[PDB]
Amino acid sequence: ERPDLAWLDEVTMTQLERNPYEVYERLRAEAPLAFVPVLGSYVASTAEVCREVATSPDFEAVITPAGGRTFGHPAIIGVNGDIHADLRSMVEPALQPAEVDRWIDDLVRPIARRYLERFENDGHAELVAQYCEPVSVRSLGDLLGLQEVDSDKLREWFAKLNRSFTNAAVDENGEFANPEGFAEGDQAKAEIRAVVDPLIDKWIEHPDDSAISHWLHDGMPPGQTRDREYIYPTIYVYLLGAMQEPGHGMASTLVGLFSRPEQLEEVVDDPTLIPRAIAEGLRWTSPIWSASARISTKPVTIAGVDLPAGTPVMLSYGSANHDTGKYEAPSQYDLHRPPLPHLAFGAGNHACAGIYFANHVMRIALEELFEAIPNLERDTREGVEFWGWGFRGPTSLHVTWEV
């Protein structure tokens, strides 16, 4: 509809999945709020627009169309008002910093050592599948009460939910262009129900210290639990992004450090720099790149665009974190970048609830990795490809080291 942006009509879903950064560089210069036809939605590409939409009193949360098709109702990311307040009160106890500090080290550190012990003397590894993803899912899986779900299965589930959630391509009529792309999401959810329904059955009668047991019981009148249909969409929110993103974040941080070998040596020599390295890694390739959204609740003007009430806006935080209004040469990883606010955890009432936990999982994992393999080198015989528009990270990270 907007004549000067007619080139957007030719942007494809595959191009956004393989490398969204070229199109979004144009968006940030040309139209910080722009309707992208293949996504069927306005997209916010700059830091100022993302932060304004995420915190505006005239916007509320909405799930993207493919996200809603995947999660249903009431996903914590997609609801507001009393339901959102309840779901936030449900998830927040185990994520409170003082609580996380009581047990996070005893949780993640033995998990990291267990996965490292399987390959640390091989001289070669593919760190995404052998380390980053397993540590991420095994840590959260144990916290949740899914100790008996193998890390292979948790990784499979978040990959299928990822592809379903981000199956966003639409045709000229706004209809999903890839309707068969939700089937593996439905298949994953069916498997999850078969595993988790008996656990919920048991937790209702015998509560324990698992997070999902507390989701059922916390804050309820005596003898009542939250209905499982009411909590399952937030279980799915966890089984996608909460399982996937810490692994994405540590892997992207490592890829960034490899691209600056002198900074990798700095961080290995001084592991107190690991949190700073992770924060730059999240800015450099944001794990949640363009997954979440808001919807206007009244007519509003954003970036010169007069939006009617009921207008969805996708928050492309991964693009906002390359805003050259904030950063110099943002496409380069730089451990010594002047620390600034970033949007990798979002903003507003629907900002990430698990920031403190996630940073600790990533930090401890990198601590243990650099301790066990101080001479880690990237396998330059292999290249690192990143994939994903909604959620983005490296598909593999081949490394070598002298044994």
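A residue's number is simply how far along the shown sequence it sits, counting from 1.
Colleague: So, looking at the entry's B-factor column for Cα atoms, which has the higher mean, 119-127 or 188-196?
Modeller: According to the PDB entry, the answer is 119-127.
Colleague: Quick one: higher average CA temperature factor, 321-329 or 156-164?
Modeller: Mean C-alpha B-factor is greater for 321-329.
Colleague: Between 44, 38, 54, 340, let me know which has the highest C-alpha B-factor in the entry?
Modeller: Going by the entry's C-alpha B-factors, 340 comes out highest.
Colleague: Going by the deposited entry, which of 94, 307, 282, 132 has the highest CA temperature factor?
Modeller: Out of 94, 307, 282, 132, the record gives the largest C-alpha B-factor to 307.
Colleague: Check where residue 17 lands among this chain's C-alpha B-factors and tell me if it's the lowest, middle or highest third.
Modeller: Residue 17: CA B-factor falls in the lowest third of its chain.
Colleague: With respect to C-alpha B-factor, does residue 228 fall in the lowest, middle or highest third of the chain as deposited?
Modeller: Within its chain, residue 228 is a lowest-third residue by C-alpha B-factor, going by the deposited values.
Colleague: Which third, lowest, middle or highest, does the C-alpha temperature factor of residue 83 belong to within its own chain?
Modeller: Its C-alpha B-factor belongs to the lowest third of this chain's values.
Colleague: Ranked by Cα temperature factor within the chain, is residue 383 in the lowest third, the middle third or the highest third?
Modeller: Its C-alpha B-factor, which the entry lists for residue 383, ranks in the highest third among residues of this chain.
Colleague: Using the B-factors in the PDB entry, rank residue 375's C-alpha atom against the chain and give the third, lowest, middle or highest.
Modeller: Within its chain, residue 375 is a highest-third residue by C-alpha B-factor, going by the deposited values.
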